[PDB]
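Trainee: Protein chains in written order, with the numbering used here: chain R, 13 to 175; chain H, 22 to 390; chain S, 56 to 348.
A virtual CB, placed ideally from N, CA and C, is assigned to each residue, including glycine.
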Amino acid sequence: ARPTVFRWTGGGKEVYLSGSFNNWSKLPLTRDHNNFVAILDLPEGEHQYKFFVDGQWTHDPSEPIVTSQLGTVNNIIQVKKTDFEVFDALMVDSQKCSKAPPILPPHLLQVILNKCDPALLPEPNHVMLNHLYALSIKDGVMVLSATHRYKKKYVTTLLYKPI
Amino acid sequence: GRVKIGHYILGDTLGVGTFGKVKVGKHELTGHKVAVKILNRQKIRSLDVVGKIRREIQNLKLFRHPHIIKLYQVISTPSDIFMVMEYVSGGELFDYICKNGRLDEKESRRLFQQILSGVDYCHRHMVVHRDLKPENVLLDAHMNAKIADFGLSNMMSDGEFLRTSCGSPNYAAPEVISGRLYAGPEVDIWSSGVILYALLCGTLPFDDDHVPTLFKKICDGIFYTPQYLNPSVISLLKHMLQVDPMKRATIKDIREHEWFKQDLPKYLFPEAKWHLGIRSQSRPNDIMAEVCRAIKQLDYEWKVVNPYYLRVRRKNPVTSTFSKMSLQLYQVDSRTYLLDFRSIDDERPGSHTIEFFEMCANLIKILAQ
Amino acid sequence: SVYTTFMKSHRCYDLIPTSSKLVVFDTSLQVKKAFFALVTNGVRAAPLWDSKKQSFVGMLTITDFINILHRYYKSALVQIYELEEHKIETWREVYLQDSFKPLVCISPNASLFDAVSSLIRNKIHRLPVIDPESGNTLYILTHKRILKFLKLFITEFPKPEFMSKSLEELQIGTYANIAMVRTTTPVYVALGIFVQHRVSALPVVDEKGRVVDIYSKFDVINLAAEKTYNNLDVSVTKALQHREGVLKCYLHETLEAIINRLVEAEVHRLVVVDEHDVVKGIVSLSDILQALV
Ligand SMILES: Nc1ncnc2c1ncn2[C@@H]1O[C@H](COP(=O)(O)OP(=O)(O)O)[C@@H](O)[C@H]1O
Ligand SMILES: COc1nc(N(C)C)ccc1-c1cc2c(C(=O)O)c[nH]c2cc1Cl
Ligand SMILES: Nc1ncnc2c1ncn2[C@@H]1O[C@H](COP(=O)(O)O)[C@@H](O)[C@H]1O
Ligand SMILES: Nc1ncnc2c1ncn2[C@@H]1O[C@H](COP(=O)(O)O)[C@@H](O)[C@H]1O
Ligand SMILES: [Cl-]
Ligand SMILES: [Cl-]
Ligand SMILES: [Cl-]
């Protein structure tokens, strides 16, 4: 089974958990600072629980409830399959969630084309990759340049395009 | 009456990090100790930090460096997420520097090397741990440094910058406190620089009770060098704590420095004018008004993210392939403003790189400078 | 064969340098501006992008300049109007009118053996590496780059039976009907030999049969560089004045030493010269790779 946390946010001297999972037997919760807990595992399905806070039977109103035919207000927990796997639980949580111009960084002003083999160029900073650089239009033809990385090697492509 | 997660009994609280509570965990049978970060799913969704945690877990799982706290396993419950990590007895490095005095040149170096080794491992894995302070550097039984709390850390994407002004003001880089766009590693170098000073002096290089003068002091990059400080380390601190990120030291520049190389153990480290886009001198809103009247004129679908950041798409007339590129208007000076063209990697066709140049050439031919 | 199995194992990607340059010309670009760009950028070949077809149609090399120069030169007194005013697509449709040869390209994932075979199969020197996923050209692979890589393995791994064997006993390359020029020979005539014989270099000989210099296809690029292409009446020796001692090999020399001599001097071919310093044959980089594959 998958471990489930039962935390009691609220005061008290003695706090116990009673549930469908343990045949409604009082289970004492451990207190750290001020809060009371119990990490026990439950089979994937429907479970009903209640708390015994200092001689009083209460349900956590922040958590979902279910009123019986007999008028028994108990807390309910639907332990889902997604709640056990980390990336499955984080995926369902993302789905559940439903000026002046920036000052130019100096990194972009640094080029690998201006600063031996003419084909060979220095390794560029990850930040200047995929950025478009161009040359002043002389003889009515535009020159464009950009550095792209393929696997672990870099390729700076020059395009001579007339305009 | 034992609180157990996995097979460890949860104990006392070690502290409270970026997004969660950290507790000790002693094994039911072996007595092995772990540090458990407890993240409440409902709380980590109240802040839109759900993606931040997904990435942090992904990264820390793949990592395995001797000076970075190891993430052993992640246990998910319907209520919370439990991050099981390695436990170190020695506690905070900050506390070591407090209870005991400043470290000697030998020990200061030893620990600085270990920290920088880990800081390098992070960068080499495109992970930039922002918020790098001696409070976040932990120590083991044998005095070994260990980088912890990757809560404020972010990824280093190709072509993209970072904006978040995260971490302690004393350790934050001038660009971080100025809220300017940064690449990533350069801000960790500044943090590593202040950690180094803290080790050698026992005090902070940039500190004042008055916050405005502290920020001035950081952006002025001026700090006191005590007489006991070795001029070689003073030259390292000067290079590391440079206000200008282009004049600032790199892990390579540090590796090469004389003071660093001394007694450095083997296990720690391995081993014709061009212009960026166009410069229109018009009003920032007037430039954005011109580009939208130009993007639609060339028949291209776009989605406005920021009043200065735009994402555009165009369908090929032959291959019918849709290619993407992003536009961003930066401020060069008080008088001049520049538009930036960045490629967006998609997912047989034509050619992604040349197709991107074709797009830009169209919009440049009908734009200023 | 031992070297053939080595080439079939290593991928094209391993030959691509850590960070490189790649010049791509649009087919609509003026052909004179295209050759001047090859010079200014310092690249011997460039892939050609057809904006209408949205694909790399071909490559623009020095052979194109050699072809335009010879096909359209009238005299030094009159300008080569056809070279001055022509697009790349306009001349490509004239040159490849009857014989239509498409783009020859290799994948970075494909083996070096396939790349070496593809060069000889299509009788070319420049092979562009194109990634199938992106479609972008990454690096232009040559014989010199493969030979430099192979020579690094030959010196570390044990030398075979033919490594210690002579060049005459193994018979590698062309030895009959060698295309040559003289000192008094003009550039236009030399360019003509390059056209019909389809060879990379022409050895320059003196009054006697002895070889004094070597006029390569690379030395033609100097005319575009110095802006001296309009006078092709000039002698070969006069053209070579812009710039070394001539490198030669003998028929009795070993193949391993011949391979080492080429890569150490960084040349495309060595001249097979006899005792009296006269030309007897030739051995190209393409020939060595042929026997080894
Ligand atoms: N991949 C290719 N696709 C199309 N044509 C090509 C390719 N490679 C070379 N060519 C053509 O082959 C001819 C001869 O080229 P080549 O032998 O490679 O010359 P060079 O030795 O100067 O590089 C030229 O007309 C050139 O355009
Ligand atoms: C009182 O709570 C605890 N007590 C433990 N003891 C060793 C007594 C251990 C762990 C917790 C805990 C704390 C939190 C939390 C918080 O404290 O904010 C959020 N979600 C939690 C989930 C658990 Cl299991
Ligand atoms: N001057 C030359 N005369 C005759 N054949 C040559 C000459 N130069 C090279 N070859 C041959 O041309 C072929 C291709 O070589 P290359 O174009 O020089 O790289 C090879 O078979 C060479 O032997
Ligand atoms: N056998 C040779 N000896 C000396 N130089 C040579 C030889 N063959 C070619 N060259 C020179 O190599 C240059 C051209 O290089 P490439 O054709 O790329 O190998 C020219 O400067 C030629 O003069
Ligand atoms: Cl804390
Ligand atoms: Cl320890
Ligand atoms: Cl301190």
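Taking a Cβ distance cut-off of 8 Å, strictly less, list which residues of the stretch 132-161 of chain R are near chain H, in chain order.
Mentor: So the list reads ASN137, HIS138, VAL139, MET140, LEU141, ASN142, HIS143, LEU144, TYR145, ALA146, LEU147, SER148, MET154, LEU156, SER157, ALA158, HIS160 and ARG161, given in the order they occur along the chain.
Trainee: Taking CB distances under 8 Å as the criterion, tell me whether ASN383 of chain H reaches chain S.
Mentor: It does not: the Cβ of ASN383 of chain H has no partner Cβ on chain S nearer than 8 Å.
Trainee: Measuring alpha carbon to alpha carbon, tell me which of S:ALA280, S:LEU306, S:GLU211 and S:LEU246 ends up nearest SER221 of chain S.
Mentor: Of S:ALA280, S:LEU306, S:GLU211 and S:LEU246, the residue nearest in Cα terms is S:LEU306.
Trainee: Return no unless some Cβ of chain S is closer than 8 Å to the Cβ of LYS163 of chain R.
Mentor: Closer than 8 Å to some Cβ of chain S, the Cβ of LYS163 of chain R qualifies, so yes.
Trainee: Determine, using beta carbons only, whether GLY190 of chain S comes closer than 8 Å to chain H.
Mentor: At least one chain H Cβ lies under 8 Å of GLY190 of chain S.
Trainee: In angstroms with no decimal places, state the Cα-to-Cα distance between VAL139 of chain R and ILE313 of chain S.
Mentor: Each residue's alpha carbon lies about 46 Å from the other.
Trainee: Spatial neighbours of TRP211 of chain H within its chain, please: CB distance less than 6 Å, with the 5 preceding and 5 following residues excluded, ordered by chain position.
Mentor: Closer than 6 Å at the Cβ level, and outside the excluded window around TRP211 of chain H, lie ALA194.
Trainee: Just to confirm, are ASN96 of chain S and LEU170 of chain R a CB contact at a threshold of 8 Å?
Mentor: Against a cut-off of 8 Å, the Cβ pair of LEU170 of chain R and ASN96 of chain S comes out as a contact.
Trainee: Of the choices H:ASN306, H:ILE90 and H:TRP280, whose alpha-carbon is the least far from that of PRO252 of chain H?
Mentor: Among H:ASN306, H:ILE90 and H:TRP280, the Cα nearest to that of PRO252 of chain H belongs to H:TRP280.
Trainee: For the structure I just gave you, are there three or more beta carbon pairs, one from the stretch 118-132 of chain R and one from the stretch 331-350 of chain H, closer than 8 Å?
Mentor: They do not touch, by the three-pair rule.
Trainee: Below 9 Å between beta carbons is the criterion; list the residues of the stretch 142-163 of chain H that meet it against any residue of chain R, in chain order.
Mentor: If the cut-off is 9 Å between Cβ atoms, the stretch 142-163 of chain H has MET147 near chain R.
Trainee: Strictly closer than 5 Å from CB to any heavy atom of ligand 1: give me those residues in the order they appear in the chain.
Mentor: For ligand 1, the selected residues are S:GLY113, S:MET114, S:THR116, S:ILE117, S:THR118, S:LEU158, S:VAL159, S:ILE179, S:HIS180, S:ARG181 and S:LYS272.
Trainee: Exposed or buried, which one is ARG269 of chain H when buried takes at least 16 other CB atoms within 10 Å?
Mentor: Result: buried.
Trainee: Please report how far the alpha carbon of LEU125 of chain R lies from the alpha carbon of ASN137 of chain R, in whole angstroms.
Mentor: Using only the alpha carbons, I get a separation of about 13 Å.
Trainee: Determine the DSSP secondary structure at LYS282 of chain S, reduced to helix, strand or coil.
Mentor: DSSP places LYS282 of chain S in coil when its eight states are reduced to three.
Trainee: Tell me, please, which residues DSSP counts as bridged to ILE195 of chain S.
Mentor: In the DSSP output, where bridge partners are listed per residue, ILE195 of chain S has S:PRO183.
Trainee: Given a cut-off of 8 Å, decide if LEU124 of chain H and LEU220 of chain H are closer than it, judged by their beta-carbon atoms.
Mentor: Yes, these two residues count as a Cβ contact at 8 Å.
Trainee: Name the one or two DSSP bridge partners that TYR172 of chain R has.
Mentor: Partner(s): R:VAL155 and S:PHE80.
Trainee: Could you tell me the alpha carbon to alpha carbon distance between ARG300 of chain H and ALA293 of chain H, rounded to whole angstroms?
Mentor: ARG300 of chain H and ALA293 of chain H: Cα-Cα distance of roughly 18 Å.
Trainee: For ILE123 of chain S, does the three-state DSSP call read helix, strand or coil?
Mentor: Looking at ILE123 of chain S - three-state DSSP - the assignment turns out to be helix.
Trainee: Which residues does DSSP pair with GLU58 of chain R in a beta bridge?
Mentor: Its beta-bridge partners are R:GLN90.
Trainee: Terminal residues of the continuous beta strand (DSSP E) containing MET267 of chain H?
Mentor: From DSSP, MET267 of chain H is part of no beta strand (DSSP E); its letter is neither H nor E.
Trainee: Any heavy atom of ligand 2 inside 7 Å of the beta-carbon of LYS63 of chain S?
Mentor: Answer for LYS63 of chain S: no, Cβ out of range of ligand 2.
Trainee: CA-CA distance, residue 16 of chain H and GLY214 of chain H?
Mentor: Look at the range of chain H in this structure, 22 to 390, and you will see that residue 16 of chain H is not part of it.
Trainee: So, is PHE362 of chain H buried or exposed, given that buried needs 16 or more other C-beta atoms within 10 angstroms?
Mentor: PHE362 of chain H comes out buried.
Trainee: Kindly provide the ranges of any beta strand (DSSP E) runs that are 3 or more residues long and lie completely inside the stretch 316-362 of chain H, ordered along the chain.
Mentor: Within the stretch 316-362 of chain H, the complete beta strand (DSSP E) runs of at least 3 residues are 322-325, 330-336 and 343-352.
Trainee: Any C-beta of chain S sitting closer than 8 Å to the C-beta of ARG184 of chain H?
Mentor: By this cut-off, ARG184 of chain H is not an interface position.
Trainee: My output table needs one value for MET218 of chain S: the three-state DSSP class, helix, strand or coil.
Mentor: In the structure shown, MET218 of chain S sits in coil (DSSP, three-state: anything other than H, G, I, E or B).
Trainee: Going by the CB atoms, is the gap between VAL167 of chain R and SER110 of chain S shorter than 8 Å?
Mentor: Against a cut-off of 8 Å, the Cβ pair of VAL167 of chain R and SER110 of chain S comes out as no contact.
Trainee: Given 7 Å as the limit, tell me if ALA219 of chain H has its C-beta closer than that to any heavy atom belonging to ligand 7.
Mentor: Indeed, a heavy atom of ligand 7 lies less than 7 Å from the Cβ.
Trainee: Can you tell me the Cα-Cα spacing of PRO87 of chain H and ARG75 of chain H, whole angstroms?
Mentor: Rounded to the nearest angstrom, the two C-alpha atoms are 23 Å apart.
Trainee: Quick check on the contact list: which residues have their beta carbon closer than 6 Å to a heavy atom of ligand 6?
Mentor: Ordered along the chain, the selected set is H:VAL109, H:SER110, H:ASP161 and H:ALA162.
Trainee: Just verifying my parser: in three-state terms, what is the DSSP assignment at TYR270 of chain S?
Mentor: It is a strand residue.
Trainee: Kindly provide the chain-ordered list of residues whose Cβ lies closer than 6 Å to any non-hydrogen atom of ligand 2.
Mentor: After applying the 6 Å Cβ criterion, the set is R:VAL17, R:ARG19, R:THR42, R:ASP44, R:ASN47, R:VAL49, R:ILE51, H:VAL24, H:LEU31, H:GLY32, H:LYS42, H:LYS44, H:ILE59, H:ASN61 and H:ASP101.
Trainee: Given a threshold of 16 other Cβ atoms within 10 Å of its Cβ, counted over all protein chains shown, does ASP69 of chain H qualify as buried or as exposed?
Mentor: Counting Cβ neighbours within 10 Å, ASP69 of chain H comes out exposed, since fewer than 16 surround it.
Trainee: Whose CA, out of H:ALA382, H:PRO233, H:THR51 and H:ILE65, lies closest to the CA of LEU319 of chain H?
Mentor: Out of H:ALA382, H:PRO233, H:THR51 and H:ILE65, H:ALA382 has the C-alpha closest to the C-alpha of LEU319 of chain H.
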